[PDB]
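Colleague:
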Amino acid sequence: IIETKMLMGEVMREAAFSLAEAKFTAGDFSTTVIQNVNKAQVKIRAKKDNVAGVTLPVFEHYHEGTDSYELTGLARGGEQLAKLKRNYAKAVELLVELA
Amino acid sequence: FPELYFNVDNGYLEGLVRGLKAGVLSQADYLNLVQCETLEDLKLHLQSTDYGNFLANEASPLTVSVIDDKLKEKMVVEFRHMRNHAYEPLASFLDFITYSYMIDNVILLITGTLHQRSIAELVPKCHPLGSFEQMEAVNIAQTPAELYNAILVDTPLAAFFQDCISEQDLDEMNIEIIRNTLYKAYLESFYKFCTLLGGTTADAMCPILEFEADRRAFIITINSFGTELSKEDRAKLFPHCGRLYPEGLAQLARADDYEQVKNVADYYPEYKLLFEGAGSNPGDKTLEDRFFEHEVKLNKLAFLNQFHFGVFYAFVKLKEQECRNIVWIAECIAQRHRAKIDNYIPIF
Amino acid sequence: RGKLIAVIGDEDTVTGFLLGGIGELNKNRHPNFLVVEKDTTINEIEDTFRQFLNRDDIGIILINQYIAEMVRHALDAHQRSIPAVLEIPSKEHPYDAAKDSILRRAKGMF
Numbered sequence: 039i040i041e042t043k044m045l046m047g048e049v050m051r052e053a054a055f056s057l058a059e060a061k062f063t064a065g066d067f068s069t070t071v072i073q074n075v076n077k078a079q080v081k082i083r084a085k086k087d088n089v090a091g092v093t094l095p096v097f098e099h100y101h102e103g104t105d106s107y108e109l110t111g112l113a114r115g116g117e118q119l120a121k122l123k124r125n126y127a128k129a130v131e132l133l134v135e136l137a
Numbered sequence: 021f022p023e024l025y026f027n028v029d030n031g032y033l034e035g036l037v038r039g040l041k042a043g044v045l046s047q048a049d050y051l052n053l054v055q056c057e058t059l060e061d062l063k064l065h066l067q068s069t070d071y072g073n074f075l076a077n078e079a080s081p082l083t084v085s086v087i088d089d090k091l092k093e094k095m096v097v098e099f100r101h102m103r104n105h106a107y108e109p110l111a112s113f114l115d116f117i118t119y120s121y122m123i124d125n126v127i128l129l130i131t132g133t134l135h136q137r138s139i140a141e142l143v144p145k146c147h148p149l150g151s152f153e154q155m156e157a158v159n160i161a162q163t164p165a166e167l168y169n170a171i172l173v174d175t176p177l178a179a180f181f182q183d184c185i186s187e188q189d190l191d192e193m194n195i196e197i198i199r200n201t202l203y204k205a206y207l208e209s210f211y212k213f214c215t216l217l218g219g220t221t222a223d224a225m226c227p228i229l230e231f232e233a234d235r236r237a238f239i240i241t242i243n244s245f246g247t248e249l250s251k252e253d254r255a256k257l258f259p260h261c262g263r264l265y266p267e268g269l270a271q272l273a274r275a276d277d278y279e280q281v282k283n284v285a286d287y288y289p290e291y292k293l294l295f296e297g298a299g300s301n302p303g304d305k306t307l308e309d310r311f312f313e314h315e316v317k318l319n320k321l322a323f324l325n326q327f328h329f330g331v332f333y334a335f336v337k338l339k340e341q342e343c344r345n346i347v348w349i350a351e352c353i354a355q356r357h358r359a360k361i362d363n364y365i366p367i368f
Numbered sequence: 084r085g086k087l088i089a090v091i092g093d094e095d096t097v098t099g100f101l102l103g104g105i106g107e108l109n110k111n112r113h114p115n116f117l118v119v120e121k122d123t124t125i126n127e128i129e130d131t132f133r134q135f136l137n138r139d140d141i142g143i144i145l146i147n148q149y150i151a152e153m154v155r156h157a158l159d160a161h162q163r164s165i166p167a168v169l170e171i172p173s174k175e176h177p178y179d180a181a182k183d184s185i186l187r188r189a190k191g192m193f
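Taken in order, these protein sequences are the chains called Z, G and X. Quick note on this note's numbering: the first sequence kicks off at 39 and runs consecutively. Quick note on this note's numbering: the second sequence kicks off at 21 and runs consecutively. Quick note on this note's numbering: the third sequence kicks off at 84 and runs consecutively.
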């Protein structure tokens, strides 16, 4: 747990700063992102271990293929937005493990 | 040519916007800003120049999001002022600046309406340079078809839709295809307008608008490679104004990897230097940063004349870049990520 | 059956994870997130938290570390074994272990 929180902090700071680079070239892309939602590209499943005679609940990460933001910043800023999606998409898998 | 008529209606607005052009941060001003340690210092440095009191009457715990809003507030008040004071030859030109923002506002309106959201919730998120006078579209908001008819009645944008996007297209196309298709019709129409304003306006505006048409084509190409867009859909979105139009526009539409895009830029030495000047490697300037840098180097050419509209468009895009610069400095300072603070574009 | 993660946080953090693919609407059209605008009251944050921990589709909740300290009463009162909660850093906000309700239980921690 302690180690996973230590890992999460630095990845999150890098991701949070990387959004500013998108905000520099793509403008207020955040409003289009937040307003336009339908289906997730990433989801989870609950799973169990039975070690020492007791059920322990855990989660696994799963991916659904469909990028509901694929065309975002096509006109400008798309280089920064491609880095940005990857940084938070990496962060989520550490969160599922941490949980 | 222009001096027969230009100062008759525009002489004051030219002197005004040139006054505002003296009111810009030089490289020497940015080389003060990046040295400071917190937003309180950022305020105290900006307080010494035309941004004076932009953070007056505001909360002591500053946030970069408030700096961003108050930087834009200055720019949009200055623009609305020049648009209210201008006569129809210039005022139609200033309206052509505002379409580049009204398009994005219409993208919000269509997006929220396609999700059945009331447009009255989107109003506070609309860019101030693209706010409408007629509001029945906003007030009614019932369905995408109702909004599309209300757009054609209420909005200056109505002519652009009729040239490229029907109601049935709006029901089926993705909002980002809509954004770029409206923008295609826009840039070509505004370039046609600047070719009809011949002489010094055309000679200041066409280098910029022809570059923006090439810039969309390059950037849309390299961004399309990972996507469902066909070569036909790329061709449908590339603006026909730029130096690439006779051939390179079709070559980009065929292209599907970065080297094939550089093989177009190699025919045009400006663009060859832009791509050569950015591998986008760790610690490099990116391809996007070079387009913003070059767009500033073009906008700086507007003030090297005396009697033309190129200064108003270049001014808006330079103060927009000043807002992006000061926000980027403020992020690097606030997050302590000084390693990239130098990535502002040195406007003048 | 599958589950999804959900978010309570600032516009920048929510925007980040939305491009990270997190965002979905329930069949009732309700999102799996709240953008905590500065004007948002504690009752909206706490109600969203109580909805998300009681919802069937949500398996994990992510809360910005500063918001987790605003909603601290309900966040520490939540003691179900299955639906997990995570306090996460953000650019103008505290570090990843600030007052952490799980770490404070352990005898073997330094």
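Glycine residues also receive a C-beta, built at the ideal position from the N, C-alpha and C atoms.
In its own chain, which residues sit with a C-beta less than 7 Å from the C-beta of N76/Z, not counting the 5 before and 5 after it?
Modeller: Sequence index remark: in the first sequence, residue 76/Z carries index 38 (1-based). The answer, listed in chain order, is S106.
Colleague: Is the shortest distance between the beta-carbon of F132/X and the beta-carbons of chain Z less than 8 Å?
Modeller: For this step, residue 132/X is matched to residue 49 along the third sequence. Not closer than 8 Å to any Cβ of chain Z, the Cβ of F132/X fails to qualify, so no.
Colleague: Does the distance from the CB of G115/Z to the CB of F67/Z come in under 8 Å?
Modeller: Taking the first residue of the first sequence as 1, we reach residue 115/Z at position 77. Taking the first residue of the first sequence as 1, we reach residue 67/Z at position 29. Yes, these two residues count as a Cβ contact at 8 Å.
Colleague: What does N147/X pair with, by DSSP beta-bridge criteria?
Modeller: By one-based count along the third sequence, residue 147/X stands at place 64. Answer by DSSP bridge pairing, in chain order: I171/X.
Colleague: Check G299/G in the structure and name its three-state DSSP category.
Modeller: Sequence index remark: in the second sequence, residue 299/G carries index 279 (1-based). Three-state DSSP puts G299/G in coil, outside helix and strand.
Colleague: Could you check what DSSP says for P114/X in three-state terms: helix, strand or coil?
Modeller: Locating residue 114/X in the third sequence gives position 31, where the first residue counts as 1. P114/X: strand per DSSP, three-state reduction.
Colleague: In the region 131-154 of chain G, which residues sit with their C-beta less than 8 Å from some C-beta in chain Z, listed in chain order?
Modeller: Here the close residues are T131, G132, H135, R137, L142, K145 and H147.
Colleague: How long is the line joining the alpha carbons of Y211/G and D234/G, rounded to whole angstroms?
Modeller: Within the second sequence, the letter at position 191 stands for residue 211/G. Within the second sequence, the letter at position 214 stands for residue 234/G. Using only the alpha carbons, I get a separation of about 13 Å.
Colleague: Applying the criterion that 16 or more other CB atoms from any shown protein chain within 10 Å of the CB defines a buried residue, is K92/G buried or exposed?
Modeller: Mapped onto the second sequence, residue 92/G falls at position 72. Classification of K92/G: buried, given that the 10 Å Cβ count is 16 or more.
Colleague: Taking the C-alpha atoms as reference points, what is the distance between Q162/G and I130/G?
Modeller: Translated into positions along the second sequence, residue 162/G becomes position 142. Translated into positions along the second sequence, residue 130/G becomes position 110. Distance between the alpha carbons of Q162/G and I130/G is about 11 Å.
Colleague: Quick one: does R310/G have its CB under 8 Å from some CB of chain Z?
Modeller: Here the question's residue 310/G lines up with position 290 in the second sequence. Answer no: the Cβ-Cβ gap between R310/G and chain Z never drops below 8 Å.
Colleague: Going by DSSP, name the residue or residues bridged to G92/X.
Modeller: Position 9 of the third sequence, counted from the start, is the residue given in the question as residue 92/X. According to DSSP, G92/X bridges with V118/X.
Colleague: Quick test of your reading: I88/X and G142/X, contact by CB under 8 Å. State the CB separation rounded to the nearest angstrom.
Modeller: Working through the third sequence from its first residue, we reach residue 88/X at position 5. Working through the third sequence from its first residue, we reach residue 142/X at position 59. With a Cβ gap of about 7 Å, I88/X and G142/X count as contacting.
Colleague: Within the chosen definition, does the region 149-157 of chain G reach the region 111-121 of chain G through at least 3 CB pairs nearer than 8 Å?
Modeller: In short, these stretches touch, since the Cβ pair count reaches three.
Colleague: Going by DSSP, what residue range makes up the beta strand (DSSP E) through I82/Z?
Modeller: For this step, residue 82/Z is matched to residue 44 along the first sequence. Taken as a continuous stretch (DSSP letters only), the beta strand (DSSP E) holding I82/Z covers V80 to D87.
Colleague: Throw me the rounded Cβ distance for the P172/X and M44/Z pair, which I believe falls under 8 Å.
Modeller: On the third sequence, residue 172/X is found 89 positions in, with the first residue counted as 1. On the first sequence, residue 44/Z is found 6 positions in, with the first residue counted as 1. The pair is not a contact, with the Cβ atoms about 11 Å apart (cut-off 8 Å).
Colleague: For a test of the three-state rule: what should DSSP assign to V54/G, helix, strand or coil?
Modeller: Here residue 54/G corresponds to residue number 34 of the second sequence, with the count starting at 1. Coil.
Colleague: Closer than 8 Å, CB to CB, is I150/X near chain Z or not?
Modeller: As a working note, residue 150/X is residue 67 in the third sequence. Cβ-Cβ to chain Z under 8 Å: no for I150/X.
Colleague: Spell out a yes or no on whether the region 54-61 of chain G and the region 69-89 of chain G are touching, meaning 3 or more CB-CB pairs, one atom from each, closer than 8 Å.
Modeller: Contact holds: three or more Cβ-Cβ distances are below 8 Å.
Colleague: Using DSSP with H/G/I as helix, E/B as strand and the rest coil, what is residue 8/G?
Modeller: Residue coverage of chain G in this structure runs from 21 to 368, which leaves residue 8/G outside it and unanswerable.
Colleague: In chain order, what residues of the same chain have a beta carbon less than 6 Å from the beta carbon of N200/G, not counting five sequence neighbours either side?
Modeller: Position 180 of the second sequence, counting from 1, holds the residue named residue 200/G. Answer for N200/G: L257, listed in chain order.
Colleague: Buried or exposed: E117/Z, going by 16 or more other Cβ atoms within 10 Å of its Cβ?
Modeller: The residue you call residue 117/Z lines up with position 79 of the first sequence. The residue in question, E117/Z, is buried, as its Cβ has 16 or more Cβ neighbours within 10 Å.
Colleague: Please report whether the beta-carbon of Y50/G lies at a distance below 8 Å from any beta-carbon of chain Z.
Modeller: Here residue 50/G is taken as the residue at index 30 of the second sequence, counted from 1. So no, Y50/G is outside the interface.
Colleague: By the 10 Å Cβ neighbour count, where 16 or more other Cβ atoms means buried, how is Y168/G classified, buried or exposed?
Modeller: The residue you call residue 168/G lines up with position 148 of the second sequence. By the neighbour-count rule (16 or more Cβ atoms within 10 Å), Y168/G is buried.
Colleague: Can you name the residues that DSSP bridges to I141/X?
Modeller: The count along the third sequence starts at 1 and reaches residue 141/X at position 58. Answer is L87/X, bridged to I141/X.
Colleague: Of all the options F312/G, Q326/G and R356/G, which has the alpha carbon lying nearest to the alpha carbon of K337/G?
Modeller: Taking the second sequence and counting its residues from 1, the one referred to as residue 337/G is at position 317. Measuring from the Cα of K337/G, the nearest candidate turns out to be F312/G.
Colleague: The alpha helix (DSSP H) that contains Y287/G, what's its start and end?
Modeller: On the second sequence, residue 287/G is found 267 positions in, with the first residue counted as 1. Looking at the DSSP string, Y287/G is not in any alpha helix (DSSP H), and its letter there is neither H nor E.
Colleague: Just to confirm my understanding: we take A350/G, look at its own chain, exclude 5 residues before and 5 after, and list those with CB closer than 7 Å. What are they?
Modeller: One-based indexing of the second sequence puts residue 350/G at position 330. Within the same chain, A350/G has close Cβ partners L59, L62, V84 and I87.
Colleague: As an exercise, report each continuous alpha helix (DSSP H) stretch of at least 4 residues that is fully enclosed by the region 330-355 of chain G, in chain order.
Modeller: Within the region 330-355 of chain G, the complete alpha helix (DSSP H) runs of at least 4 residues are 330-354.
Colleague: Compare the C-beta of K190/X against all C-beta atoms of chain G and say whether one is closer than 8 Å.
Modeller: Taking the third sequence and counting its residues from 1, one reaches residue 190/X at position 107. False, the Cβ-Cβ gap to chain G never drops below 8 Å.
Colleague: Counting pairs of Cβ atoms below 8 Å between the region 187-202 of chain G and the region 249-267 of chain G, do you hit three or more?
Modeller: Touching, yes.
Colleague: Taking CB distances under 8 Å as the criterion, tell me whether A167/X reaches chain Z.
Modeller: Here residue 167/X corresponds to residue number 84 of the third sequence, with the count starting at 1. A167/X counts as touching chain Z.
Colleague: So, does the CB of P177/X fall closer than 8 Å to a CB anywhere in chain Z?
Modeller: The residue given as residue 177/X occupies position 94 in the third sequence. Judged by the 8 Å Cβ criterion, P177/X is not in contact with chain Z.
Colleague: Within 8 Å of any Cβ in chain G, is that where the Cβ of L109/Z sits?
Modeller: In the first sequence, residue 109/Z corresponds to position 71, counting from 1. Closer than 8 Å: yes.
Colleague: In whole angstroms, what is the alpha-carbon distance linking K360/G and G35/G?
Modeller: By one-based count along the second sequence, residue 360/G stands at place 340. By one-based count along the second sequence, residue 35/G stands at place 15. Distance between the alpha carbons of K360/G and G35/G is about 36 Å.
Colleague: Check whether the Cβ of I127/G lies closer than 7 Å to any heavy atom of the ligand NAP, and answer yes or no.
Modeller: In the structure shown, the ligand NAP is absent, as is every other ligand, since no ligand is present at all.
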